[PDB]
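> The structure's right below; bear with me while I get my questions together.
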Amino acid sequence: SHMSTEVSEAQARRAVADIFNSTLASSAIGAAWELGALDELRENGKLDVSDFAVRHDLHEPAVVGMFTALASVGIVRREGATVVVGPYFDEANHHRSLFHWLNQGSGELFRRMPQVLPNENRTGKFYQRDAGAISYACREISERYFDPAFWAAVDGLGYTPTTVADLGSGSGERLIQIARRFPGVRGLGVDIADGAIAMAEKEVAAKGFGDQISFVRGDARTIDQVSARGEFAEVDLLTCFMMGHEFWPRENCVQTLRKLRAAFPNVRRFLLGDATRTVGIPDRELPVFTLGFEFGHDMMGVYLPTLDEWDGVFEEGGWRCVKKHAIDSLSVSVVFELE
Amino acid sequence: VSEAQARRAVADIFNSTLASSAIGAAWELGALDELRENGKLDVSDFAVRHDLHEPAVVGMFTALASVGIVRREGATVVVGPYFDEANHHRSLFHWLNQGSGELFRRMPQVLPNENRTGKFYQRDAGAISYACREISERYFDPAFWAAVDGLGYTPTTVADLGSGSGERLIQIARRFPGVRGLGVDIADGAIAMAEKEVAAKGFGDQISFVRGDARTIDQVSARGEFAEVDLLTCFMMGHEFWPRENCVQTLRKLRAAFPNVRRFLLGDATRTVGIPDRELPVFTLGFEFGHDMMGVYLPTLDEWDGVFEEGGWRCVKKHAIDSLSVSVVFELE
Ligand SMILES: Nc1ncnc2c1ncn2[C@@H]1O[C@H](CSCC[C@H](N)C(=O)O)[C@@H](O)[C@H]1O
Ligand SMILES: Nc1ncnc2c1ncn2[C@@H]1O[C@H](CSCC[C@H](N)C(=O)O)[C@@H](O)[C@H]1O
Ligand SMILES: C[C@@H](C(=O)C(=O)O)c1ccccc1
Ligand SMILES: C[C@@H](C(=O)C(=O)O)c1ccccc1
Ligand SMILES: O=C(O)[C@H](O)Cc1ccccc1
Ligand SMILES: O=C(O)[C@H](O)Cc1ccccc1
Ligand SMILES: [Ca+2]
Ligand SMILES: [Ca+2]
Ligand SMILES: [Ca+2]
Ligand SMILES: [Ca+2]
Ligand SMILES: [Ca+2]
Ligand SMILES: [Fe+3]
Ligand SMILES: [Fe+3]
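Line order of the protein sequences matches chains Y and B.
This note's numbering puts the first residue of the first sequence at 3, with every later residue one more than the last.
This note's numbering puts the first residue of the second sequence at 627, with every later residue one more than the last.
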């Protein structure tokens, strides 16, 4: 019953106030996640606002504001000094990392809409985001939304991997988790960014896998002009999560996929996971994330393929898709099992 | 609630975030005015005239559409059921997002006490000022002009505290062609903008500016001009005088620095008390949470009513403001 064109003034007032307040609630979800408040609420059902501020050493008036913001749209409820879970708590907390991504991660982009849309401004580095914050969010995005399909694909491999390469390795956690599952395995993380490599190297060394897992800074799109090509022949498992859209547009993807197939000639399975562009969902029925993901990429000047466009590119790129998993639901996102 | 209702509500909160930034942007880019005027627009046409990246332009319009502010029929965009309300309050959205977005984005870093020394938050001064012009004009002007009309005299020299763009002083000089104007602002940027705008409009011989902190108004030098001032105005910054003890002193210093002021017009939003969380009108939560985050005391209306006398002033008229949280204009003597 959602799409009315005629409403009363009172209704229009309430709706616009909700849109306003939703903005603050939205930012609060990620902030409350980061400050530990969503985990307290989830675990205990309630908490005490002063007691929370004191234990975490937080400016109490702003803590009250954070919780009021959440309460303004029904995520929590305030009752005296107490905050209890509200009707939408479970759902909001489920998707907290998407909110964090939207706000803490990509806030500066969407805030700068007026300066980002003008063509005269769209050269070189024209927007800013928070890499540390995006990295914070993506860990849970990876774990909450992609892991079941990822591990289901790893379980149906039909062989034990001995050397695994991961494209866009980020924190290096995927490679670490792999090493945990397959004790004897070696790992190769490829990433185009210095912070990622360093962060990943540190974590790897700290968790005791400095002997099994290494890294190389490189562009996966131009993987054939990298300085670690001699190690590639040993790789029998390839993984690539949350970055496949960077290989687009179509013709670049085709080439990149060919290059990957030639560069990793002994890879058996290649597990490829990403979010994709949706078509024809009504404006008033967009689920969580979809709009942020698509509008964010349009603002950054980055093309996002549909699922159908991935489907249609694998054969030319040298790969056969033998299984596909739908993700629930991070917009329309999937894991392809390629060989 | 059912699980479907919860999904839908959380999706609305997410998309609302995007619609919310888009209101302010659509304002700046001229899309809201064009929609007010014609009732519709063409996404291609608009993108081409404004030389904008069209796929991002469609995004902006689908954000607005996602919550009922507009509706899309292919490339045609028509005003939606919530257009008039949102357009009305567009400056508030702009303020929250383009002005103050970076403060609320950094919530996790701003709340911890160890982080709250020195320059611990950032806002966009240019953007805030952009919004503030319309906030002042749309929300405060009617009460401001009503107070001017009922002053009981015609001013000769007006001083404006936190003068910003200089617009309020310009408009007063338009109403009272013989008036001398003086603007006090703490920001060099405001002083520069105001001097430029005044000089450009032809009022450079009538309106001057001095950089100064209105809280310590007694410490700003102005060639003895303060003593000639017979009308004082201060909009949208009075809460900066607080807490109470500081306000009492600043009020007493203003009284002393401006001995010949007859009326002092003091306009501001205030902290509300007891509004139910799910019934919060537009702005209230942003205004109050923003200042709580910034460490800035915000008084209630009653706190203001209770401070004037000890501050050396008598309140003689009060005006309610329409639909800007709880906002008022006091007239003081
Ligand atoms: N063309 C490219 N080649 C290699 N790495 C890339 C790339 N484009 C982006 N990346 C890297 O891919 C990452 C995107 S998000 C990382 C999430 C990570 N894959 C995970 O599953 O947890 C960033 O670390 C970025 O540096
Ligand atoms: N303590 C202080 N003393 C003087 N000016 C101040 C101040 N605190 C803030 N300001 C200035 O007050 C302005 C707040 S915005 C209000 C603009 C103006 N009064 C109007 O009605 O449109 C900014 O220009 C800011 O620099
Ligand atoms: C990492 C992120 C992304 O592409 C981005 O932030 O630009 C992403 C990719 C895929 C699913 C979810 C988030
Ligand atoms: C300028 C703003 C404010 O207090 C702030 O930006 O800190 C304000 C004050 C009063 C009404 C509306 C906005
Ligand atoms: O065409 C597809 O849908 C997928 O890209 C891969 C696939 C093909 C056939 C059977 C399963 C998976
Ligand atoms: O106490 C008040 O309400 C205001 O401070 C101003 C006022 C007082 C008395 C008569 C009129 C106005
Ligand atoms: Ca409806
Ligand atoms: Ca298909
Ligand atoms: Ca309307
Ligand atoms: Ca303006
Ligand atoms: Ca003086
Ligand atoms: Fe991306
Ligand atoms: Fe303020």
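Here a beta-carbon is modelled for each residue, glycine too, at the ideal position from N, C-alpha and C.
1) For the alpha helix (DSSP H) that contains residue 898 of chain B, what are its first and last residues?
2) To the nearest angstrom, how far is it from the Cα of residue 644 of chain B to the Cα of residue 262 of chain Y?
3) Going by beta-carbon coordinates alone, are residue 891 of chain B and residue 957 of chain B separated by less than 8 Å?
4) So, helix, strand or coil for residue 745 of chain B, using DSSP?
5) Given that a residue counts as buried once 16 or more other Cβ atoms are within 10 Å of its Cβ, and exposed if not, what is residue 5 of chain Y?
6) Pairs of beta-carbons, one from the stretch 66-73 of chain Y and one from the stretch 22-42 of chain Y, closer than 8 Å: are there three or more?
7) At the 8 Å Cβ level, is residue 639 of chain B part of the contact set with chain Y, yes or no?
8) Looking at the secondary structure, which residues open and close the beta strand (DSSP E) in which residue 786 of chain B lies?
9) Return the CA-CA distance between residue 260 of chain Y and residue 149 of chain Y, expressed in angstroms with no decimal places.
10) Going straight from the alpha carbon of residue 295 of chain Y to that of residue 914 of chain B, what length do you get?
11) Which stretch, first to last residue, makes up the beta strand (DSSP E) that contains residue 215 of chain Y?
12) Could you name the residues of the same chain whose beta carbon sits closer than 6 Å to that of residue 724 of chain B, not counting the 5 residues immediately before and after it, in chain order?
13) Name the chain B residues whose beta carbon is nearer than 9 Å to that of residue 70 of chain Y?
14) With residue 204 of chain Y as the anchor, note down where its beta strand (DSSP E) starts and where it stops.
15) What do you reckon, is the C-beta of residue 323 of chain Y under 7 Å from a heavy atom of ligand 4?
16) Based on Cα-Cα distance, which residue from Y:45, Y:188, Y:303 lies nearest to residue 250 of chain Y?
17) If you reduce the DSSP assignment to three classes, tell me which class residue 134 of chain Y lands in.
18) With respect to the beta strand (DSSP E) encompassing residue 79 of chain Y, which residues constitute its N-terminal and C-terminal limits?
19) What does residue 943 of chain B pair with, by DSSP beta-bridge criteria?
20) Against chain B, with Cβ distances strictly below 8 Å, would residue 327 of chain Y count as a contact?
21) Give me the Cα-Cα distance between residue 799 of chain B and residue 705 of chain B, rounded to the nearest whole angstrom.
22) Can you list, in chain order, every residue whose CB sits closer than 7 Å to a heavy atom of ligand 10?
23) Step through the CB atoms of chain Y and report whether any lies within less than 8 Å of the CB of residue 854 of chain B.
24) Does any residue of chain Y bring its CB to less than 8 Å from the CB of residue 799 of chain B?
25) Taking beta-carbon pairs under 7 Å, can you tell me which members of the stretch 643-677 of chain B lie near chain Y?
26) Can you pull the chain B neighbours of residue 97 of chain Y, defined as C-beta to C-beta under 8 Å?
27) For chain Y, find out if any of its Cβ atoms is closer than 8 Å to the Cβ of residue 694 of chain B; answer yes or no.
28) What residues from chain B crowd round residue 151 of chain Y, counting only those whose CB sits closer than 9 Å?
29) When a residue counts only if its C-beta is closer than 6 Å to some heavy atom of ligand 8, which residues count, in chain order?
30) Answer yes or no: does any C-beta atom of chain B fall closer than 8 Å to that of residue 333 of chain Y?
31) Around the Cβ of residue 151 of chain Y, are there at least 16 other Cβ atoms within 10 angstroms (buried) or fewer (exposed)?
32) Quick one: list the residues of chain Y neighbouring residue 711 of chain B, beta-carbon separation under 8 Å, in chain order.
33) Quickly, what does DSSP pair residue 140 of chain Y with across the bridge? List them, please.
34) Mind checking who residue 643 of chain B pairs with in its DSSP beta bridge?
35) With ligand 4 as the reference, list in chain order each residue whose Cβ lies under 5 Å from any of its heavy atoms.
36) Please list the partners that residue 730 of chain B has in chain Y, where partner means a Cβ-to-Cβ separation under 7 Å.
Quick answer:
1) Looking at the DSSP string, residue 898 of chain B is not in any alpha helix (DSSP H), and its letter there is neither H nor E.
2) 37 Å
3) yes
4) coil
5) exposed
6) yes
7) yes
8) 783-787
9) 27 Å
10) 30 Å
11) 215-219
12) 650, 753
13) 903, 906, 911, 914, 915
14) Where residue 204 of chain Y is concerned, there is no enclosing beta strand (DSSP E), although the alpha helix (DSSP H) it sits in stretches over 196-208.
15) no
16) Y:303
17) helix
18) 78-81
19) B:957
20) no
21) 38 Å
22) B:756, B:759, B:760
23) no
24) no
25) 643, 644, 645, 646, 647, 648, 651, 654, 655, 677
26) 636, 640
27) yes
28) Per Cβ cutoff of 9 Å: no residues; residue 151 of chain Y is ~21 Å from chain B at best.
29) Y:310, Y:313
30) no
31) buried
32) 11, 14, 15, 17, 18
33) Its beta-bridge partners do not exist; DSSP assigns none.
34) According to DSSP, residue 643 of chain B bridges with nothing at all.
35) B:862, B:895
36) 26, 29
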